[PDB]
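Peer 1: What follows is a single structure, and I will ask about it in a moment.
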């Protein structure tokens with residue numbers, strides 16, 4: 001499943017929403033797409 005944009009992802013386990021192309025930010029723990 002996905003994770004929302006401002007949601008807490010895993011810095012050392014990038015997953016997030018691969019479907020919507022959001023990648024986890026490591027230093028910031030949120031998901032980011034274009035930002």
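In PDB author numbering, the protein residues as written are 1 to 35. Ideal placement from N, C-alpha and C gives every residue a C-beta, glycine not left out.
Do you know how far the Cα of residue 1 is from the Cα of residue 25?
Peer 2: The alpha-carbon atoms of residue 25 and residue 1 are separated by roughly 17 Å.
Peer 1: Only counting the same chain, and skipping five residues up and downstream in sequence, which positions put a Cβ closer than 8 Å to that of residue 11?
Peer 2: Counting only Cβ-Cβ distances below 8 Å, and skipping sequence neighbours, we find 24, 25, 26, 27 and 29.
Peer 1: I think residue 6 touches residue 20, with their Cβ atoms under 8 Å apart; what is that distance to the nearest whole Å?
Peer 2: That belief does not hold up - the Cβ atoms of residue 6 and residue 20 are roughly 13 Å apart, past 8 Å.
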